[PDB]
Amino acid sequence: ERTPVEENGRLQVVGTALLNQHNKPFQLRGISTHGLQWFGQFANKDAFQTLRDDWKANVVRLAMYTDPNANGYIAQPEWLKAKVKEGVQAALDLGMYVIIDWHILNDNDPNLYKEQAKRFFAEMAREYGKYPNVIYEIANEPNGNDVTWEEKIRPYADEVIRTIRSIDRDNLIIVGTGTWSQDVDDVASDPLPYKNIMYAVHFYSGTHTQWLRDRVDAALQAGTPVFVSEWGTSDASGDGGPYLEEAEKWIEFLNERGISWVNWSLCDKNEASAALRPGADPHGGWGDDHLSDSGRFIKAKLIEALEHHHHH
């Protein structure tokens, strides 16, 4: 009944490894909100307490869409910042790790809203940098044939990281990769020089099979730290299946390698990747029959991972 943050404290990255404050290997495992502008009602202390105590998650991710055309942060900065702070404060109150996700998507080049990102992250780092719970995810899913590591993503990340690190010298930063955070193989050609940086890989088990695991293995062998800050049991659309046999191959692979993972998503949208059945209580306490096939799987994986840790 020690909380995850009480037990593990300030995290650190050495090579590809995530270690806790006591120099022990540590794996974050949890779940992401869907876009806060659409499903933010699930980002609250009561829901997060269920995740901590019943699901055995140790991290939550706050998916703050940026795109004004998605009613994201550029359109409604005050409401969304308020919701992010509610989410962060809930995690602080529960001793959970929390990822603040600048959730680019259709705004596919992170440079589009770079200065707004810097102002947002400067505020979050000032507010919350003293706490070891906080993790900054600075660009969810760069995508597009022009948006490559060398040309667009790395220069964005270098500027945003220098902004954050001027205020919060220690907390983890997760940096997106090209092709919807698949192009982790490009990082080793020119990595970022800073402390406590990990590189995102995202997968959807209806789409992404062993080939992407093979890429991840090659990245790890080359010394690139990987964090799975978003993955689904559906096709990449968020719907279809779910594809739990393939998802199981992924979870085994990630657990064997100690790679942190965060499932998409904790909401009740009528799509296969949503963890909750439509009308589920925003306050948590969900019986198995209020979880989808995907939600049941994720809850089971989280519980099993904790069991395997305590005994092996």
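Residues numbered from 1 in each chain as written, not as in the entry; some residues may be left out. Heavy atoms only, no water.

Helix and strand counts for the protein chain come out as 10 helices and 10 strands. Rg of the C-alpha trace for the protein chain: 18 Å, near the compact-globule value of 20 Å for 312 residues, within the 12% margin. Taken along the three principal axes of its C-alpha coordinates, the protein chain extends 45 × 45 × 40 Å. Counted over contacts in the protein chain with a minimum sequence separation of 6, partners at least 24 positions apart contribute 75%. For the protein chain, the exposed surface amounts to about 12,600 Å²; the carbon and sulfur share of it is 44%. Taken as two groups, the 31 positive and 47 negative side-chain charges of the protein chain have centres that lie 6 Å from each other. (Helix = DSSP H or I, 4+ residues; strand = E, 2+ residues; numbered from the N terminus. Rg over C-alpha atoms; globule rule 2.2 N^0.38 Å. Contact = heavy atoms within 4.5 Å. Areas by Shrake-Rupley, 256 points an atom, 1.4 Å probe, with all protein chains shown as cover. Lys, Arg positive; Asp, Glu negative; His and termini not counted. Charge placed at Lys NZ, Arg CZ, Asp CG, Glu CD.)

A few words now on the sheet that holds strand β6 (residues 134–137). Two strands in a sheet stick together by hydrogen bonds in their backbones, pointing the same way (parallel) or opposite ways (antiparallel). Pairing is parallel in the closed barrel, where 8 strands are placed in the order β3-β4-β5-β6-β7-β8-β9-β10. Mean inter-strand twist for the sheet, computed between neighbouring axes without regard to direction, equals 30°. One ladder, built from 3 bridges, connects strand β3 (residues 29–33) with strand β4 (residues 59–65); its direction is parallel. From the neighbouring strand, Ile-31 faces β4, where its bridge partner is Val-60. Those strands touched by helix α5 (residues 114–128) are β4, β5 (97–103) and β6, and its axis lies near 165° from that of β5. Packing against the sheet, helix α8 (residues 210–221) makes contact with β8 (197–204) and β9 (226–232), and its axis sits at approximately 170° to β8. (Pairing = 2+ DSSP bridges. Axes fitted to C-alpha atoms, helices over the stretch in contact; angles between N-to-C directions.)

Compared with the 21 Å implied by 1.5 Å per residue over 15 residues, the 21 Å span of α5 between its first and last C-alpha is a close match. Buried within α5 are the following residues: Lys-114, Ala-117, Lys-118, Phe-120, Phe-121, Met-124, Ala-125 and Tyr-128. (Expected span 1.5 Å × (residues − 1). Buried < 20%, exposed > 50% of the residue type's maximum accessible area, 1.4 Å probe, protein only.)

Our next topic: the pairing of β4. With respect to burial, β4 is a largely interior element, 7 of its 7 residues being buried. Here β4 shows a buried face lined by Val-59, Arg-61, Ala-63 and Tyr-65 and a second buried face lined by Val-60, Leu-62 and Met-64. Taken together, β4, helix α4 (residues 77–94) and β5 constitute a β-α-β crossover, and its handedness is right-handed. (Right-handed = clockwise from strand over helix to strand, strands pointing away.)

Glancing now at the UniProt feature "binding site: Ca(2+)" (unreviewed entry) in the protein chain. Listed under "binding site: Ca(2+)" (unreviewed entry) in the UniProt record, and renumbered for this structure, are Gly-129, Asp-168, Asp-170 and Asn-171. The largest pairwise C-alpha distance within this set of annotated residues, which runs over 43 residues, is 8.2 Å, so the set is compact in three dimensions. Under the relative-accessibility criterion, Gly-129 is labelled buried at 11%. Leaving out residues up to four positions away in the same chain, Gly-129 has contacts with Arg-10, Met-124, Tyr-136, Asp-168 and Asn-171. Structurally, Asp-168 can be placed in the loop between α6 (149–165) and β7 (173–175). For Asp-168, a relative accessible area of 3% translates into the label buried. Residues in contact with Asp-168, not counting those within four places in the same chain, are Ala-125, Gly-129 and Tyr-136. (UniProt positions renumbered as here; feature names shortened; annotations may be inferred.)

Going through the model one piece at a time under the given rule, you end up with 14 aromatic pairs. Ring centres of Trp-102 and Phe-120 lie 5.5 Å apart, and the angle between their planes is 40°; on these two criteria the pair is classed as tilted. Taken as a pair, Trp-102 in strand β5 and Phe-120 in helix α5 lie far apart in primary sequence, 18 residues in all. With relative accessibility at 0%, the residue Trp-102 sits in the buried group. Both rings, one in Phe-121 and one in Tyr-136, keep their centres 6.0 Å apart while their planes meet at 90°; by these two values the pair is edge-to-face. Separated by 15 residues along the polypeptide, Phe-121 in helix α5 and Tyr-136 in strand β6 bring together distant segments of the chain. Residue classification places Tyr-136 among the buried positions, given a relative accessible area of 0%. Among the aromatic residues, those joined into a ring-pair cluster are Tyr-73, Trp-102, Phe-120, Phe-121 and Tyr-136. In this structure, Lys-130 packs its charged tip against the face of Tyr-131, placed 6.0 Å from the ring centre. Positioned over the ring face of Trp-250 is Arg-213, at 5.3 Å from the centre of the ring. (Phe/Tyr/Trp six-rings, centres within 6.5 Å; stacked < 30°, edge-to-face > 60°. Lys NZ or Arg CZ within 6 Å of the ring centre and 35° of its normal.)

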